[PDB]
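**Student:** Below you'll find the sequence and an experimental structure to go with it.
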Amino acid sequence: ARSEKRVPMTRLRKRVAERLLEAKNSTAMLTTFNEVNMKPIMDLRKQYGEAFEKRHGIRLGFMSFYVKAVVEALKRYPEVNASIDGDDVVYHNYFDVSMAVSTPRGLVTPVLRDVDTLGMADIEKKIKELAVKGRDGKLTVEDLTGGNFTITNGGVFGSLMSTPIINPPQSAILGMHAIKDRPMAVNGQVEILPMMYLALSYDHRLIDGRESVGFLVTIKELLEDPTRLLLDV
Amino acid sequence: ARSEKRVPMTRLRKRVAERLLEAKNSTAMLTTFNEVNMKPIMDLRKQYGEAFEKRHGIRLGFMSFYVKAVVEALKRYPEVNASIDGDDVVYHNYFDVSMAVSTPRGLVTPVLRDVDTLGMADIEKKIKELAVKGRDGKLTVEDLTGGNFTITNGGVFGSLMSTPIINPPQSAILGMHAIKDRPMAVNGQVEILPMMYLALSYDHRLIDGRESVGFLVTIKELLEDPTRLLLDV
Amino acid sequence: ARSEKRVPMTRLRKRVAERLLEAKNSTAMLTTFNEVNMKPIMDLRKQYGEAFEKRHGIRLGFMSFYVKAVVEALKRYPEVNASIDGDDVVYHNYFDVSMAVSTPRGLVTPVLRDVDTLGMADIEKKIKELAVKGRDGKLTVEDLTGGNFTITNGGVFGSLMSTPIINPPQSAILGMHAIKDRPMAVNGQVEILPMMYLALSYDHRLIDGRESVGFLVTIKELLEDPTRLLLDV
Amino acid sequence: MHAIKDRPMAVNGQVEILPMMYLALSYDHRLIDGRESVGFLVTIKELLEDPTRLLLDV
Ligand code: NA
Ligand code: NA
Ligand code: NA
């Protein structure tokens, strides 16, 4: 023991903290995990990265693949793309995806609207536009309100695996993690692959085991072979 | 935005959702993990599978090994085979084990009664009889009521690892997962084994760290060498 | 089913159970994971173990390394070394570290005071002195009250990974686990190392993703090369 | 302290090259005897060959 410096909570971190609590206490939040081999997507960026930027005037990142994979998973599992509004269950026939962006002063989740209708290049541009506004802090309340599902990337900080927190009134959240070289079994041979752990936190009131697991398996399948988005399999 | 189809929840899904919430909020649910090498059990099924079905008229699955291992663990750790009834702690001197079966309409959990008194062949017969009733939907209220402990298998859906949800008034739940070929250290050499992650979610009000961890270690020990059930070690 | 043996809870375990609930329901508890190579620390114990005990009259364990690493991480991330008092955030300018000790009568968490001021030998002596008092049950109310952060070691019981529970009014808890030989990627070659999973459960009201992840990465960095504690890098 | 020079050294019965420096301690033999002077300089050698010994204090 020694001394104590009390610092009061600002209007924001007071209501952010009240809302994370009311989220945790109002939902039956559970987390299902999976792993994904990133070499396929890393190879696409290594091969077509130059040609992609020349054609579209924006660099090909990972986030466009994650969004494209989440939208297809939201189509196959419409129970995950829903809210609970008191006594009603609201199924959304559109794909608005909340996406956590870093600002030095707090962390915000702006919304990408009608992502089902955007190309890979268009997605990466809308993320840069929202990410510039976040870093500068010029983000509208139009930009922050709504969203059916959140993607968070704690991998920028080197986290192996974690339990992400649901952003109500949303039902689920997908947590991206660090890409780490790990020995894997490949056709009965021990081969090193760049592996990432995926976490899906989901509300067990609305989403049962089969849907939560199957949703996250869908995302794993479409990240390990982006070509499956075209075939739809 | 586009359109949304809201459909109100009946007395059922309204109060099932309120009861999953009051369960989650009224217990101190935590999850401890472990891994198990399935090659020993996979080898027993490959070797004695034909001879077992001929003799008993029922196929040798994994679930008989899991039940046999859970019952022995419930005997060694009686704190896990208990409920909390308000101000009382109810220790059960019998082994009724809830067991999740896959049904087209969600997932249902019939109860196996006095499993301590059943042979491997008897267990596999009672599970097939309850699994047929689940798939057909001919499951009695006698069949669903009660149970001291739940075994859930999200591995049927290809989940790597997850936090299963306790089914009150029960204290704990064991989550089985996908069996995945993974490189393992065996006598200082890298050998590929079929590995499964085990998850035990437990009520920290009744079950402390030592009991929860030790219970799940017991199940790992008895699945990696089923011959330990006979020796009792 | 057969019979059931009902045992009442005294105010003993009645108010512990009520307080685990008010802890869980008053905090937004999340858990971030990481892994650490213990070979460096295991090699130091194998090399200097004899010479250390001769010089200080106390055996060199792992817990001195974990405490030394936690204190340095608490300095780099002061938001983790804090409590929430209603509308205030209380920053502590001292390092009192709660440390879970296993006793036949439940589990107790005595406090190590001003650990920032203790050498490796002093730490190991204070842990043995508090561990003897726990096993004997001669532990003071001075010894149990307070603490800014908890370290728990469920690895003594062979747990692979788990979600530790926050010890209010503290913000976070670090969970140590079993050391298991696992194949690891080292300069693109598969080498077997003695690996342990780390779990940090944290209150998301006060601790955001960047701090929680970065705190646990700091502990991993200082356990994989204890010589970084001296250099402070 | 002196120059660091690559020199062949005996290491677990194998000749391996290490970057070696000679240490000199000049001491007043009125106040410091052989055992203390030698033991002082051995301590410095031990703590420079493994700086992690400063943390453990061994
Ligand atoms: Na794979
Ligand atoms: Na194993
Ligand atoms: Na490592």
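**Tutor:** Nice, I can see it. Numbers count the residues shown, from 1 in each chain, chains lettered A, B, ... in the order given. Ligands and ions are numbered 1, 2, ... in the order given.
**Student:** Quickly note the distance from residue A:29 to residue B:165.
**Tutor:** Computed as CB to CB, to the nearest Å, the residue A:29 to residue B:165 distance reads 10 Å. Every residue, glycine included, has its C-beta placed from N, CA and C.
**Student:** sorry, that was for residue A:60
**Tutor:** Taking CB to CB, one finds residue A:60 at 39 Å from residue B:165.
**Student:** Then residue A:30?
**Tutor:** 6 Å.
**Student:** what does residue A:112 give?
**Tutor:** From residue A:112 to residue B:165 the distance is 31 Å (CB to CB).
**Student:** Show me what the longest strand seen in chain A is packed against.
**Tutor:** Looking across chain A with DSSP state E, the single longest strand is strand A:189-203. Where contact means 3 or more CB pairs under 8 Å, 6 or more residues apart in numbering or on different chains; DSSP states H and E, strand A:189-203 is packed against strand A:29-37, helix A:39-56, strand A:161-162, strand A:172-176, strand A:180-186, helix A:209-224.
**Student:** Just give the strands next to the third one in its sheet, each with its orientation.
**Tutor:** Put plainly, it is strand A:161-162. Strand pairing for strand A:161-162, using DSSP bridges, gives strand C:29-37 (antiparallel).
**Student:** Check the offset of the partner strand from the chain's centre.
**Tutor:** 12 Å (CA atoms, centre = their mean, to the nearest Å).
**Student:** Next: stretch A:152-172.
**Tutor:** 7 Å.
**Student:** Tell me the buried residues in it?
**Tutor:** A:152-155, A:157-172 (16 or more other CB atoms under 10 Å in any protein chain shown).
**Student:** Residue C:125 is nearest to which of the helices and strands packed on strand A:189-203?
**Tutor:** Using CB to CB as the measure, strand A:161-162 is the one of the helices and strands packed on strand A:189-203 that comes nearest residue C:125, at 35.7 Å.
**Student:** Get me the contact residues on chain A for chain C.
**Tutor:** Within chain A, the positions near chain C by CB under 8 Å from any CB of the partner chain are A:1-9, A:14, A:16-17, A:20-21, A:23-25, A:102, A:106-107, A:152, A:154, A:157-165, A:180-183, A:190, A:192.
**Student:** Would you show me how to pick out the buried ones of those residues in PyMOL?
**Tutor:** Of these, the buried ones can be selected in PyMOL as follows, counting by 16+ other CB under 10 Å:
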select buried, chain A and resi 9+16+17+20+21+23+24+152+154+157+158+159+160+161+162+163+164+165+180+182+183+192
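**Student:** For residue A:140, grab phi and psi.
**Tutor:** phi -70, psi 160 (degrees, to the nearest 10).
**Student:** number of nearby residues for it?
**Tutor:** Neighbour count for residue A:140, taken as other CB atoms under 10 Å in any protein chain shown: 10.
**Student:** measure it to residue C:99 for me?
**Tutor:** For residue A:140 relative to residue C:99 (CB to CB), the value is 48 Å.
**Student:** residue closest to the middle of chain A?
**Tutor:** residue A:151 (1.4 Å; CA atoms, centre = their mean).
**Student:** Can you name the residues bridging to that residue?
**Tutor:** As for beta bridges, residue A:151 partners with residue A:99, residue A:174 under DSSP bridges.
**Student:** isn't it right next to residue A:111, touching?
**Tutor:** No - assessed by CB atoms under 8 Å, residue A:151 is found out of contact with residue A:111, at 11.2 Å.
**Student:** Find residues that contact each of these two.
**Tutor:** Common contacts of residue A:151 and residue A:111 (CB atoms under 8 Å, 6 or more residues apart in numbering or on different chains): A:97-99.
**Student:** hang on, the earlier thing: any idea how far the residue nearest to the centre of chain A is from residue C:35?
**Tutor:** 24 Å.
**Student:** Next: residue A:104.
**Tutor:** 29 Å.
**Student:** the more surrounded of the two?
**Tutor:** residue C:35 (19 against 8).
**Student:** show me what contacts the more buried one?
**Tutor:** Contacts of residue C:35 by CB under 8 Å, 6+ apart are A:160, C:195-198, C:220.
**Student:** nearest to chain D, of those residues?
**Tutor:** residue C:220 (17.3 Å; CB to the nearest CB).
**Student:** Help me confirm that that closest one comes into contact with residue C:34.
**Tutor:** Yes - using CB under 8 Å, residue C:220 is in contact with residue C:34, at 5.1 Å.
**Student:** any residues in contact with both of those two?
**Tutor:** Common neighbours of residue C:220 and residue C:34 (CB under 8 Å, 6+ apart) are residue C:198.
**Student:** Looking at these two, which is more packed in?
**Tutor:** residue C:34 (22 against 18).
**Student:** pretty sure the more buried one is touching residue C:223, no?
**Tutor:** No - between residue C:34 and residue C:223 no contact is recorded; they are 10.1 Å apart, counting by CB under 8 Å.
**Student:** bridging residues for the closest residue to residue A:4 other than its chain neighbours?
**Tutor:** In this structure, residue A:4 finds its nearest non-sequential neighbour in residue C:90, 5.5 Å apart by CB to CB, 6 or more residues apart in numbering or on different chains. Under DSSP bridges, the beta-bridge partners of residue C:90 are residue A:6, residue C:83.
**Student:** Now do the host helix or strand of residue A:135: everything it contacts.
**Tutor:** Element membership for residue A:135 (DSSP states H and E) is helix A:120-136. With CB under 8 Å, 6+ apart as the test, helix A:120-136 has contacts from A:52, A:55-56, A:58-61, A:63-65, A:67-68, A:99, A:101-104, A:108, A:110, A:112, A:115, A:118, A:139-140, A:143.
**Student:** Just want the angle from that helix to helix A:39-56.
**Tutor:** Taking axes from the mean of the first three to the mean of the last three CA atoms, to 10 degrees, helix A:120-136 and helix A:39-56 form an angle of 90 degrees between their directions.
**Student:** how about helix A:120-136 as PDB, C-alpha atoms only?
**Tutor:** Written as PDB, here are the backbone C-alpha positions of helix A:120-136 (Å, rounded to 0.1, in the frame of the first residue of the first chain):
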ATOM      1  CA  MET A 120     -13.500  -5.900 -53.300                       C
ATOM      2  CA  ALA A 121     -12.100  -2.500 -54.500                       C
ATOM      3  CA  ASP A 122     -15.200  -0.500 -53.400                       C
ATOM      4  CA  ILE A 123     -15.100  -2.200 -49.900                       C
ATOM      5  CA  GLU A 124     -11.400  -1.300 -49.400                       C
ATOM      6  CA  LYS A 125     -12.200   2.400 -50.400                       C
ATOM      7  CA  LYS A 126     -15.200   2.700 -48.000                       C
ATOM      8  CA  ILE A 127     -13.000   1.300 -45.100                       C
ATOM      9  CA  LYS A 128     -10.100   3.800 -45.900                       C
ATOM     10  CA  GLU A 129     -12.700   6.700 -46.000                       C
ATOM     11  CA  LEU A 130     -14.200   5.600 -42.600                       C
ATOM     12  CA  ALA A 131     -10.600   4.900 -41.200                       C
ATOM     13  CA  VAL A 132      -9.300   8.400 -42.200                       C
ATOM     14  CA  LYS A 133     -12.400  10.000 -40.500                       C
ATOM     15  CA  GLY A 134     -11.700   7.800 -37.400                       C
ATOM     16  CA  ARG A 135      -8.000   8.700 -37.200                       C
ATOM     17  CA  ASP A 136      -9.000  12.400 -37.700                       C
END
